[PDB]
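Enquirer: Sharing input-v3.pdb here; it has PDB, C-alpha atoms (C1' of nucleotides).
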```pdb
ATOM      1  CA  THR A   1       0.000   0.000   0.000  1.00  0.00           C
ATOM      2  CA  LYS A   2       3.037   2.254   0.155  1.00  0.00           C
ATOM      3  CA  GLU A   3       4.781   0.737  -2.878  1.00  0.00           C
ATOM      4  CA  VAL A   4       6.231   2.838  -5.697  1.00  0.00           C
ATOM      5  CA  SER A   5       3.837   1.519  -8.355  1.00  0.00           C
ATOM      6  CA  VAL A   6       0.279   2.839  -8.382  1.00  0.00           C
ATOM      7  CA  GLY A   7      -1.009  -0.499  -9.694  1.00  0.00           C
ATOM      8  CA  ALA A   8       0.668  -2.350  -6.832  1.00  0.00           C
ATOM      9  CA  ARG A   9      -0.906   0.105  -4.373  1.00  0.00           C
ATOM     10  CA  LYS A  10      -4.347  -0.471  -5.924  1.00  0.00           C
ATOM     11  CA  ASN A  11      -3.845  -4.244  -5.769  1.00  0.00           C
ATOM     12  CA  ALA A  12      -2.719  -4.041  -2.131  1.00  0.00           C
ATOM     13  CA  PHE A  13      -5.773  -1.944  -1.211  1.00  0.00           C
ATOM     14  CA  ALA A  14      -8.101  -4.402  -2.962  1.00  0.00           C
ATOM     15  CA  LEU A  15      -6.280  -7.298  -1.278  1.00  0.00           C
ATOM     16  CA  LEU A  16      -6.741  -5.661   2.137  1.00  0.00           C
ATOM     17  CA  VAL A  17     -10.463  -5.288   1.390  1.00  0.00           C
ATOM     18  CA  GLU A  18     -10.591  -8.916   0.240  1.00  0.00           C
ATOM     19  CA  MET A  19      -8.868 -10.326   3.331  1.00  0.00           C
ATOM     20  CA  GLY A  20     -11.140  -8.169   5.487  1.00  0.00           C
ATOM     21  CA  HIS A  21     -13.958  -9.926   3.667  1.00  0.00           C
ATOM     22  CA  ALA A  22     -12.168 -13.254   4.234  1.00  0.00           C
ATOM     23  CA  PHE A  23     -12.192 -12.780   8.014  1.00  0.00           C
ATOM     24  CA  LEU A  24     -15.937 -12.063   7.789  1.00  0.00           C
ATOM     25  CA  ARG A  25     -16.376 -15.752   6.926  1.00  0.00           C
ATOM     26  CA  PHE A  26     -14.246 -17.415   9.638  1.00  0.00           C
ATOM     27  CA  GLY A  27     -16.492 -16.506  12.580  1.00  0.00           C
ATOM     28  CA  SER A  28     -20.074 -15.909  13.649  1.00  0.00           C
ATOM     29  CA  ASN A  29     -19.785 -12.269  14.794  1.00  0.00           C
ATOM     30  CA  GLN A  30     -18.474  -9.864  12.164  1.00  0.00           C
ATOM     31  CA  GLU A  31     -17.449  -7.048  14.527  1.00  0.00           C
ATOM     32  CA  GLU A  32     -15.190  -9.232  16.684  1.00  0.00           C
ATOM     33  CA  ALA A  33     -13.638 -10.716  13.532  1.00  0.00           C
ATOM     34  CA  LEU A  34     -12.853  -7.188  12.343  1.00  0.00           C
ATOM     35  CA  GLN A  35     -11.434  -6.455  15.802  1.00  0.00           C
ATOM     36  CA  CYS A  36      -9.129  -9.475  15.458  1.00  0.00           C
ATOM     37  CA  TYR A  37      -8.207  -8.205  11.989  1.00  0.00           C
ATOM     38  CA  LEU A  38      -7.261  -4.794  13.367  1.00  0.00           C
ATOM     39  CA  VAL A  39      -5.296  -6.181  16.311  1.00  0.00           C
ATOM     40  CA  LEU A  40      -3.390  -8.160  13.701  1.00  0.00           C
ATOM     41  CA  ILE A  41      -2.416  -4.807  12.109  1.00  0.00           C
ATOM     42  CA  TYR A  42      -2.280  -2.513  15.192  1.00  0.00           C
ATOM     43  CA  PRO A  43       1.503  -3.016  15.969  1.00  0.00           C
ATOM     44  CA  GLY A  44       2.439  -1.439  12.628  1.00  0.00           C
ATOM     45  CA  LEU A  45       1.692   1.976  14.163  1.00  0.00           C
ATOM     46  CA  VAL A  46       4.611   1.419  16.567  1.00  0.00           C
ATOM     47  CA  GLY A  47       7.602   0.487  14.364  1.00  0.00           C
ATOM     48  CA  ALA A  48       9.337   2.343  11.556  1.00  0.00           C
ATOM     49  CA  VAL A  49       8.195   5.779  10.396  1.00  0.00           C
ATOM     50  CA  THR A  50       7.429   4.551   6.882  1.00  0.00           C
ATOM     51  CA  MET A  51       5.705   1.567   8.522  1.00  0.00           C
ATOM     52  CA  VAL A  52       3.710   4.006  10.672  1.00  0.00           C
ATOM     53  CA  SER A  53       2.573   5.909   7.564  1.00  0.00           C
ATOM     54  CA  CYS A  54       1.872   2.530   5.931  1.00  0.00           C
ATOM     55  CA  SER A  55      -0.404   1.525   8.807  1.00  0.00           C
ATOM     56  CA  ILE A  56      -2.172   4.898   8.856  1.00  0.00           C
ATOM     57  CA  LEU A  57      -2.857   4.616   5.113  1.00  0.00           C
ATOM     58  CA  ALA A  58      -4.101   1.043   5.568  1.00  0.00           C
ATOM     59  CA  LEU A  59      -6.408   2.152   8.391  1.00  0.00           C
ATOM     60  CA  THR A  60      -7.585   5.040   6.201  1.00  0.00           C
ATOM     61  CA  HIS A  61      -8.525   2.688   3.364  1.00  0.00           C
ATOM     62  CA  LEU A  62     -10.134   0.256   5.825  1.00  0.00           C
ATOM     63  CA  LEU A  63     -12.226   2.961   7.506  1.00  0.00           C
ATOM     64  CA  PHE A  64     -13.977   3.909   4.256  1.00  0.00           C
ATOM     65  CA  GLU A  65     -15.064   0.332   3.458  1.00  0.00           C
ATOM     66  CA  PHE A  66     -16.253  -1.130   6.794  1.00  0.00           C
ATOM     67  CA  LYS A  67     -17.565   2.209   8.145  1.00  0.00           C
ATOM     68  CA  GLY A  68     -19.824   1.244  11.047  1.00  0.00           C
ATOM     69  CA  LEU A  69     -19.168  -2.497  11.261  1.00  0.00           C
ATOM     70  CA  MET A  70     -15.930  -2.192  13.241  1.00  0.00           C
ATOM     71  CA  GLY A  71     -17.584  -0.198  16.044  1.00  0.00           C
ATOM     72  CA  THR A  72     -17.878   3.521  16.744  1.00  0.00           C
ATOM     73  CA  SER A  73     -16.113   3.934  20.103  1.00  0.00           C
ATOM     74  CA  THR A  74     -13.178   1.900  18.816  1.00  0.00           C
ATOM     75  CA  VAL A  75     -13.080   4.302  15.842  1.00  0.00           C
ATOM     76  CA  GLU A  76     -12.698   7.180  18.290  1.00  0.00           C
ATOM     77  CA  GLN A  77      -9.751   5.462  19.958  1.00  0.00           C
ATOM     78  CA  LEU A  78      -7.955   5.083  16.633  1.00  0.00           C
ATOM     79  CA  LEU A  79      -8.641   8.756  15.910  1.00  0.00           C
ATOM     80  CA  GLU A  80      -7.055   9.683  19.243  1.00  0.00           C
ATOM     81  CA  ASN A  81      -3.934   7.719  18.310  1.00  0.00           C
ATOM     82  CA  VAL A  82      -3.877   9.563  14.981  1.00  0.00           C
ATOM     83  CA  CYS A  83      -3.745  12.794  16.988  1.00  0.00           C
ATOM     84  CA  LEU A  84      -0.483  11.610  18.548  1.00  0.00           C
ATOM     85  CA  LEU A  85       0.625  10.784  15.010  1.00  0.00           C
ATOM     86  CA  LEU A  86      -0.359  14.364  14.138  1.00  0.00           C
ATOM     87  CA  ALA A  87       2.670  15.358  16.237  1.00  0.00           C
ATOM     88  CA  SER A  88       5.141  13.568  13.948  1.00  0.00           C
ATOM     89  CA  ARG A  89       7.981  15.429  12.255  1.00  0.00           C
ATOM     90  CA  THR A  90       7.751  13.430   9.016  1.00  0.00           C
ATOM     91  CA  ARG A  91       5.550  14.918   6.296  1.00  0.00           C
ATOM     92  CA  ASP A  92       4.279  11.528   5.092  1.00  0.00           C
ATOM     93  CA  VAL A  93       2.904  10.645   8.537  1.00  0.00           C
ATOM     94  CA  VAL A  94       1.218  14.057   8.769  1.00  0.00           C
ATOM     95  CA  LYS A  95      -0.285  13.643   5.281  1.00  0.00           C
ATOM     96  CA  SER A  96      -1.574  10.154   6.099  1.00  0.00           C
ATOM     97  CA  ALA A  97      -3.030  11.426   9.384  1.00  0.00           C
ATOM     98  CA  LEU A  98      -4.767  14.274   7.537  1.00  0.00           C
ATOM     99  CA  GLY A  99      -6.227  11.800   5.046  1.00  0.00           C
ATOM    100  CA  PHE A 100      -7.430   9.585   7.896  1.00  0.00           C
ATOM    101  CA  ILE A 101      -8.999  12.599   9.625  1.00  0.00           C
ATOM    102  CA  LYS A 102     -10.744  13.551   6.369  1.00  0.00           C
ATOM    103  CA  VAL A 103     -12.069  10.004   5.940  1.00  0.00           C
ATOM    104  CA  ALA A 104     -13.209   9.905   9.579  1.00  0.00           C
ATOM    105  CA  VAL A 105     -15.008  13.251   9.238  1.00  0.00           C
ATOM    106  CA  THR A 106     -16.688  11.917   6.090  1.00  0.00           C
ATOM    107  CA  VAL A 107     -17.692   8.620   7.735  1.00  0.00           C
ATOM    108  CA  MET A 108     -18.271   9.150  11.457  1.00  0.00           C
ATOM    109  CA  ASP A 109     -21.606  10.290  12.919  1.00  0.00           C
ATOM    110  CA  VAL A 110     -21.829  13.987  13.796  1.00  0.00           C
ATOM    111  CA  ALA A 111     -23.217  13.426  17.310  1.00  0.00           C
ATOM    112  CA  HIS A 112     -20.231  11.306  18.361  1.00  0.00           C
ATOM    113  CA  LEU A 113     -17.858  13.565  16.412  1.00  0.00           C
ATOM    114  CA  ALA A 114     -19.084  16.468  18.570  1.00  0.00           C
ATOM    115  CA  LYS A 115     -17.377  14.755  21.509  1.00  0.00           C
ATOM    116  CA  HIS A 116     -14.143  14.734  19.486  1.00  0.00           C
ATOM    117  CA  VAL A 117     -14.062  18.026  17.539  1.00  0.00           C
ATOM    118  CA  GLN A 118     -12.035  19.725  20.269  1.00  0.00           C
ATOM    119  CA  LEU A 119      -9.316  17.088  20.703  1.00  0.00           C
ATOM    120  CA  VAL A 120      -8.566  16.375  17.034  1.00  0.00           C
ATOM    121  CA  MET A 121      -8.904  20.035  16.062  1.00  0.00           C
ATOM    122  CA  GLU A 122      -6.655  21.114  18.930  1.00  0.00           C
ATOM    123  CA  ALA A 123      -4.126  18.593  17.604  1.00  0.00           C
ATOM    124  CA  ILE A 124      -4.630  20.246  14.212  1.00  0.00           C
ATOM    125  CA  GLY A 125      -4.177  23.707  15.736  1.00  0.00           C
ATOM    126  CA  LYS A 126      -0.734  23.248  17.303  1.00  0.00           C
ATOM    127  CA  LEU A 127       0.807  21.609  14.238  1.00  0.00           C
ATOM    128  CA  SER A 128       3.603  23.967  13.035  1.00  0.00           C
ATOM    129  CA  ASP A 129       4.130  26.973  10.797  1.00  0.00           C
ATOM    130  CA  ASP A 130       5.803  24.962   8.021  1.00  0.00           C
ATOM    131  CA  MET A 131       3.309  22.113   8.415  1.00  0.00           C
ATOM    132  CA  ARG A 132       0.393  24.560   8.274  1.00  0.00           C
ATOM    133  CA  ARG A 133       1.807  26.394   5.249  1.00  0.00           C
ATOM    134  CA  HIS A 134       2.621  23.215   3.312  1.00  0.00           C
ATOM    135  CA  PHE A 135      -0.644  21.338   3.927  1.00  0.00           C
ATOM    136  CA  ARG A 136      -2.905  24.390   3.763  1.00  0.00           C
ATOM    137  CA  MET A 137      -5.186  22.657   1.234  1.00  0.00           C
ATOM    138  CA  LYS A 138      -5.899  19.676   3.494  1.00  0.00           C
ATOM    139  CA  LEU A 139      -6.447  21.894   6.538  1.00  0.00           C
ATOM    140  CA  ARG A 140      -8.703  24.134   4.431  1.00  0.00           C
ATOM    141  CA  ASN A 141     -10.806  21.136   3.379  1.00  0.00           C
ATOM    142  CA  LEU A 142     -10.904  19.813   6.955  1.00  0.00           C
ATOM    143  CA  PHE A 143     -12.054  23.165   8.345  1.00  0.00           C
ATOM    144  CA  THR A 144     -14.650  23.361   5.560  1.00  0.00           C
ATOM    145  CA  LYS A 145     -15.984  19.925   6.531  1.00  0.00           C
ATOM    146  CA  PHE A 146     -16.033  20.879  10.212  1.00  0.00           C
ATOM    147  CA  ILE A 147     -17.969  24.078   9.427  1.00  0.00           C
ATOM    148  CA  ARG A 148     -20.480  22.065   7.359  1.00  0.00           C
ATOM    149  CA  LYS A 149     -20.830  19.527  10.157  1.00  0.00           C
ATOM    150  CA  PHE A 150     -20.754  21.822  13.236  1.00  0.00           C
ATOM    151  CA  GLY A 151     -20.989  25.432  14.358  1.00  0.00           C
ATOM    152  CA  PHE A 152     -18.700  27.938  12.661  1.00  0.00           C
ATOM    153  CA  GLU A 153     -18.378  29.891  15.913  1.00  0.00           C
ATOM    154  CA  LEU A 154     -17.298  26.763  17.819  1.00  0.00           C
ATOM    155  CA  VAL A 155     -14.305  26.127  15.542  1.00  0.00           C
ATOM    156  CA  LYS A 156     -13.681  29.885  15.605  1.00  0.00           C
ATOM    157  CA  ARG A 157     -13.596  29.833  19.415  1.00  0.00           C
ATOM    158  CA  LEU A 158     -11.290  26.848  19.849  1.00  0.00           C
ATOM    159  CA  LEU A 159      -8.774  27.619  17.094  1.00  0.00           C
ATOM    160  CA  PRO A 160      -5.832  30.033  17.508  1.00  0.00           C
ATOM    161  CA  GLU A 161      -5.568  33.401  15.792  1.00  0.00           C
ATOM    162  CA  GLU A 162      -4.290  32.906  12.224  1.00  0.00           C
ATOM    163  CA  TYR A 163      -6.566  29.964  11.356  1.00  0.00           C
ATOM    164  CA  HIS A 164      -9.454  32.321  12.212  1.00  0.00           C
ATOM    165  CA  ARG A 165      -8.990  34.146   8.902  1.00  0.00           C
ATOM    166  CA  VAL A 166      -8.779  30.829   7.045  1.00  0.00           C
ATOM    167  CA  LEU A 167     -12.104  29.917   8.654  1.00  0.00           C
ATOM    168  CA  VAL A 168     -13.782  33.151   7.623  1.00  0.00           C
ATOM    169  CA  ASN A 169     -12.207  32.794   4.172  1.00  0.00           C
ATOM    170  CA  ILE A 170     -13.950  29.436   3.881  1.00  0.00           C
ATOM    171  CA  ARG A 171     -17.100  31.108   5.205  1.00  0.00           C
ATOM    172  CA  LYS A 172     -16.609  33.702   2.462  1.00  0.00           C
ATOM    173  CA  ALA A 173     -17.135  30.992  -0.173  1.00  0.00           C
ATOM    174  CA  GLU A 174     -20.289  30.057   1.747  1.00  0.00           C
ATOM    175  CA  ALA A 175     -22.043  33.151   0.421  1.00  0.00           C
ATOM    176  CA  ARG A 176     -20.818  33.090  -3.177  1.00  0.00           C
ATOM    177  CA  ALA A 177     -21.433  29.364  -3.650  1.00  0.00           C
ATOM    178  CA  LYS A 178     -25.136  30.168  -3.161  1.00  0.00           C
TER
ATOM    179  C1'   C B   1     -14.017   9.053 -17.091  1.00  0.00           C
ATOM    180  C1'   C B   2     -13.055   3.903 -15.566  1.00  0.00           C
ATOM    181  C1'   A B   3     -10.180  -0.715 -15.705  1.00  0.00           C
ATOM    182  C1'   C B   4      -6.090  -3.596 -17.631  1.00  0.00           C
ATOM    183  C1'   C B   5      -1.155  -5.233 -20.080  1.00  0.00           C
ATOM    184  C1'   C B   6       3.864  -3.862 -21.136  1.00  0.00           C
ATOM    185  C1'   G B   7       7.130  -0.750 -18.856  1.00  0.00           C
ATOM    186  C1'   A B   8      11.785   0.890 -13.447  1.00  0.00           C
ATOM    187  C1'   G B   9       8.386   4.727 -13.335  1.00  0.00           C
ATOM    188  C1'   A B  10       0.931   5.536 -15.814  1.00  0.00           C
ATOM    189  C1'   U B  11       2.115  10.206 -10.407  1.00  0.00           C
ATOM    190  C1'   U B  12       6.879  10.149  -5.766  1.00  0.00           C
ATOM    191  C1'   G B  13       8.741  14.377  -3.666  1.00  0.00           C
ATOM    192  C1'   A B  14      10.355  20.128  -2.921  1.00  0.00           C
ATOM    193  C1'   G B  15       8.825  25.427  -3.364  1.00  0.00           C
ATOM    194  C1'   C B  16       4.338  28.453  -4.019  1.00  0.00           C
ATOM    195  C1'   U B  17      -2.011  35.325   8.605  1.00  0.00           C
ATOM    196  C1'   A B  18      -1.054  39.294   3.896  1.00  0.00           C
ATOM    197  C1'   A B  19      -3.754  42.909  -0.026  1.00  0.00           C
ATOM    198  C1'   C B  20      -8.508  45.106  -1.306  1.00  0.00           C
ATOM    199  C1'   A B  21      -8.943  51.757  -3.727  1.00  0.00           C
ATOM    200  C1'   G B  22     -14.639  45.225  -3.970  1.00  0.00           C
ATOM    201  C1'   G B  23     -18.418  47.812  -0.235  1.00  0.00           C
ATOM    202  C1'   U B  24     -20.087  48.994   4.399  1.00  0.00           C
ATOM    203  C1'   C B  25     -19.428  50.763   9.320  1.00  0.00           C
ATOM    204  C1'   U B  26     -19.181  54.615  15.574  1.00  0.00           C
ATOM    205  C1'   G B  27     -13.672  50.834  18.404  1.00  0.00           C
ATOM    206  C1'   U B  28      -9.123  52.286  20.460  1.00  0.00           C
ATOM    207  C1'   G B  29      -6.244  57.935  23.032  1.00  0.00           C
ATOM    208  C1'   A B  30      -4.552  58.082  30.688  1.00  0.00           C
ATOM    209  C1'   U B  31      -6.147  62.755  22.925  1.00  0.00           C
ATOM    210  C1'   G B  32      -6.591  69.381  21.986  1.00  0.00           C
ATOM    211  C1'   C B  33     -10.067  72.782  23.255  1.00  0.00           C
ATOM    212  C1'   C B  34     -15.149  74.904  24.978  1.00  0.00           C
ATOM    213  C1'   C B  35     -19.145  74.549  28.527  1.00  0.00           C
ATOM    214  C1'   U B  36     -21.182  72.140  32.964  1.00  0.00           C
ATOM    215  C1'   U B  37     -28.026  75.614  39.748  1.00  0.00           C
ATOM    216  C1'   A B  38     -25.529  80.124  31.889  1.00  0.00           C
ATOM    217  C1'   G B  39     -29.962  72.384  32.000  1.00  0.00           C
ATOM    218  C1'   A B  40     -25.624  72.626  24.149  1.00  0.00           C
ATOM    219  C1'   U B  41     -34.080  72.428  23.250  1.00  0.00           C
ATOM    220  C1'   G B  42     -34.515  69.848  31.277  1.00  0.00           C
ATOM    221  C1'   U B  43     -39.415  66.884  32.033  1.00  0.00           C
ATOM    222  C1'   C B  44     -44.339  68.507  32.599  1.00  0.00           C
ATOM    223  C1'   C B  45     -49.484  71.532  32.680  1.00  0.00           C
ATOM    224  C1'   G B  46     -53.062  75.162  30.773  1.00  0.00           C
ATOM    225  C1'   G B  47     -53.900  78.762  26.947  1.00  0.00           C
ATOM    226  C1'   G B  48     -52.301  81.096  22.202  1.00  0.00           C
ATOM    227  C1'   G B  49     -49.741  80.793  17.263  1.00  0.00           C
ATOM    228  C1'   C B  50     -48.570  77.991  12.906  1.00  0.00           C
ATOM    229  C1'   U B  51     -53.876  80.311   8.844  1.00  0.00           C
ATOM    230  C1'   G B  52     -52.748  86.693  10.884  1.00  0.00           C
ATOM    231  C1'   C B  53     -52.583  91.160   5.184  1.00  0.00           C
ATOM    232  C1'   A B  54     -51.496  97.290   2.239  1.00  0.00           C
ATOM    233  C1'   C B  55     -48.262  95.146  -1.666  1.00  0.00           C
ATOM    234  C1'   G B  56     -44.746  92.377  -5.105  1.00  0.00           C
ATOM    235  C1'   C B  57     -43.110  87.724  -7.816  1.00  0.00           C
ATOM    236  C1'   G B  58     -45.528  82.607  -9.533  1.00  0.00           C
ATOM    237  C1'   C B  59     -47.965  77.958 -10.041  1.00  0.00           C
ATOM    238  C1'   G B  60     -53.772  76.380  -9.672  1.00  0.00           C
ATOM    239  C1'   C B  61     -59.650  76.602  -9.436  1.00  0.00           C
ATOM    240  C1'   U B  62     -63.879  79.171 -11.327  1.00  0.00           C
ATOM    241  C1'   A B  63     -65.552  82.438 -15.007  1.00  0.00           C
ATOM    242  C1'   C B  64     -66.509  86.288 -18.508  1.00  0.00           C
ATOM    243  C1'   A B  65     -71.852  83.245 -21.604  1.00  0.00           C
ATOM    244  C1'   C B  66     -75.951  81.783 -27.447  1.00  0.00           C
ATOM    245  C1'   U B  67     -70.452  76.601 -29.833  1.00  0.00           C
ATOM    246  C1'   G B  68     -74.262  79.048 -23.621  1.00  0.00           C
ATOM    247  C1'   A B  69     -77.372  78.459 -18.725  1.00  0.00           C
ATOM    248  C1'   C B  70     -82.062  75.955 -16.449  1.00  0.00           C
ATOM    249  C1'   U B  71     -85.582  71.733 -16.285  1.00  0.00           C
ATOM    250  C1'   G B  72     -87.073  66.168 -17.617  1.00  0.00           C
ATOM    251  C1'   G B  73     -85.545  61.171 -20.343  1.00  0.00           C
ATOM    252  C1'   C B  74     -81.730  58.011 -22.755  1.00  0.00           C
ATOM    253  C1'   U B  75     -77.556  54.922 -22.998  1.00  0.00           C
ATOM    254  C1'   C B  76     -72.092  54.440 -22.348  1.00  0.00           C
ATOM    255  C1'   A B  77     -66.145  52.682 -19.243  1.00  0.00           C
ATOM    256  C1'   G B  78     -61.133  51.892 -17.013  1.00  0.00           C
ATOM    257  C1'   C B  79     -57.178  51.986 -13.421  1.00  0.00           C
ATOM    258  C1'   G B  80     -57.473  50.381  -8.909  1.00  0.00           C
TER
END
```
Step by step, read the file and then write its structure as structure tokens.
Expert:
Amino acid sequence: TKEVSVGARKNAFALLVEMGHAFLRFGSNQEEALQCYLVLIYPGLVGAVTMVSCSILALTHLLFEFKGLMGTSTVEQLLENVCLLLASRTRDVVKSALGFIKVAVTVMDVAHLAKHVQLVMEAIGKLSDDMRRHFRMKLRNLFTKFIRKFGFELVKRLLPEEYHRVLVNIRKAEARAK
RNA sequence: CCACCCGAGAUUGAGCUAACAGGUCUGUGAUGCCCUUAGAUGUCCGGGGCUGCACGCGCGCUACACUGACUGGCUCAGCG
């Protein structure tokens, strides 16, 4: 899934989906089988940095396919770990964490996300100057999705100063898109 | 646009709060002066005025009639 070839990456993603399907046939309860599947891939978030980004990308692809079936609270736990991985120096780990956060915001229910806007968006807030400037597109899209899904004034209140303008800039599009 | 083969590579990495004269609009100075039983129209009450009329400068209404005025019938609309 982090190979050089795009075809190999596509095949590895499809193979992950297929083995996730394969563990849905070895037991009676699907959720516990998916839990066993994840605890077979959980240690990869601990080893090498490229292996950490590998595991974050794998979890990102897995979260989009088996959205609710793995179990919401467990989702939240993984998101919390991604927040620690939001503190990484490497740009690949940060990019993979941003993609996972985007996929989670797309997938996860808004009522349970409301418990976790502050933590993940605080982890977004204290990222860096270089990290903010480089991945300004991903942060822009994430703040757009948070404004769609929650109160604009809430994200305004809990973010630091500079991001404020980015928020209102997004809100600016929210009048001309209509 | 999607998928696939070959190919090492069919996209992996680096760089790219500010400006608005596009509009709007009552926040910051231990801000300069002038006034503060000389109330930057002090509240209230009662009664007057706003219309008062020699004359100028001008819009309007009614008329000076006979192609008119008075008296009785007739049949006619449209915006709203």
Enquirer: Looking at all atoms listed in the file, which of A:139, A:12, A:159, A:19 is the one that sits closest to residue 40 (chain A)?
Expert: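 Answer, going by the shortest atom-to-atom distance: A:19.
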Enquirer: With 9 Å as the limit and counting all atoms listed in the file, what residues in chain B lie close to chain A? Please list them as a PDB file with C-alpha atoms (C1' of nucleotides), keeping the file's coordinate frame.
Expert:
```
ATOM      1  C1'   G B   9       8.386   4.727 -13.335  1.00  0.00           C
ATOM      2  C1'   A B  10       0.931   5.536 -15.814  1.00  0.00           C
ATOM      3  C1'   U B  11       2.115  10.206 -10.407  1.00  0.00           C
ATOM      4  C1'   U B  12       6.879  10.149  -5.766  1.00  0.00           C
ATOM      5  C1'   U B  17      -2.011  35.325   8.605  1.00  0.00           C
TER       6        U B  17
END
```
Enquirer: Using all atoms of region 26-38 of chain B listed in the file and a margin of 8 Å per side, can you give the axis-aligned box centre and edge lengths in Å to one decimal, as AutoDock Vina command-line options?
Expert:
```
--center_x -16.3 --center_y 65.5 --center_z 27.7 --size_x 39.5 --size_y 45.3 --size_z 40.2
```
Enquirer: Enter the distance from CA of residue 127 (chain A) to CA of residue 152 (chain A), in Å, rounded to one decimal.
Expert: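 Result for CA of residue 127 (chain A) versus CA of residue 152 (chain A): 20.6 Å, one decimal.
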Enquirer: Find the residues near region 115-126 of chain A: any atom within 10 Å, counting all atoms listed in the file, skip ones fewer than 5 places away on the same chain, and give them as a list in words.
Expert: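 What passes the distance filter is residues 76, 79, 80, 81, 82, 83, 84, 85, 86, 87, 98, 101, 105, 110, 131, 132, 139, 142, 143, 146, 150, 154, 155, 158, 159, 160, 161, 162 and 163 of chain A.
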Enquirer: At what distance in Å, to one decimal, does CA of residue 33 (chain A) lie from CA of residue 68 (chain A)?
Expert: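 Distance reported for this atom pair: 13.7 Å.
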Enquirer: Would you be able to write out as a PyMOL selection string which residues have an atom within 12 Å of (-15.4, 27.1, -0.4) in the file's coordinates, counting all atoms listed in the file?
Expert: chain A and resi 137+140-145+147-148+166-178
Enquirer: To one decimal in Å, tell me the separation between CA of residue 2 (chain A) and CA of residue 21 (chain A).
Expert: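 Taking CA of residue 2 (chain A) as the start and CA of residue 21 (chain A) as the end point, the length is 21.2 Å.
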Enquirer: In file coordinates, which residues lie within 12 Å of (12.8, 22.3, 9.1) using only C-alpha atoms (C1' of nucleotides), given as a count of residues only?
Expert: 8
Enquirer: Considering only C-alpha atoms (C1' of nucleotides), return as a PyMOL selection string whatever protein or nucleic-acid residues lie within 8 Å of region 53-67 of chain A, sequence-local ones (same chain, fewer than 6 positions apart) excluded.
Expert: chain A and resi 1-2+13+16-17+41-42+44-45+82+92-93+96-97+99-100+103-104+107-108
Enquirer: Keeping only C-alpha atoms, take the residues you just selected and write them out as a PDB file, keeping the file's coordinate frame.
Expert:
```
ATOM      1  CA  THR A   1       0.000   0.000   0.000  1.00  0.00           C
ATOM      2  CA  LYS A   2       3.037   2.254   0.155  1.00  0.00           C
ATOM      3  CA  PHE A  13      -5.773  -1.944  -1.211  1.00  0.00           C
ATOM      4  CA  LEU A  16      -6.741  -5.661   2.137  1.00  0.00           C
ATOM      5  CA  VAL A  17     -10.463  -5.288   1.390  1.00  0.00           C
ATOM      6  CA  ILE A  41      -2.416  -4.807  12.109  1.00  0.00           C
ATOM      7  CA  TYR A  42      -2.280  -2.513  15.192  1.00  0.00           C
ATOM      8  CA  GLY A  44       2.439  -1.439  12.628  1.00  0.00           C
ATOM      9  CA  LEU A  45       1.692   1.976  14.163  1.00  0.00           C
ATOM     10  CA  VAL A  82      -3.877   9.563  14.981  1.00  0.00           C
ATOM     11  CA  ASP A  92       4.279  11.528   5.092  1.00  0.00           C
ATOM     12  CA  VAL A  93       2.904  10.645   8.537  1.00  0.00           C
ATOM     13  CA  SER A  96      -1.574  10.154   6.099  1.00  0.00           C
ATOM     14  CA  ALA A  97      -3.030  11.426   9.384  1.00  0.00           C
ATOM     15  CA  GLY A  99      -6.227  11.800   5.046  1.00  0.00           C
ATOM     16  CA  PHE A 100      -7.430   9.585   7.896  1.00  0.00           C
ATOM     17  CA  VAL A 103     -12.069  10.004   5.940  1.00  0.00           C
ATOM     18  CA  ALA A 104     -13.209   9.905   9.579  1.00  0.00           C
ATOM     19  CA  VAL A 107     -17.692   8.620   7.735  1.00  0.00           C
ATOM     20  CA  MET A 108     -18.271   9.150  11.457  1.00  0.00           C
TER      21      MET A 108
END
```
Enquirer: Excluding residue 34 (chain A) and its own-chain neighbours fewer than 3 positions away, which residues fall within 6 Å of it when counting only C-alpha atoms (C1' of nucleotides)? Please give them as JSON, numbers by chain.
Expert: {"A": [31, 37, 70]}
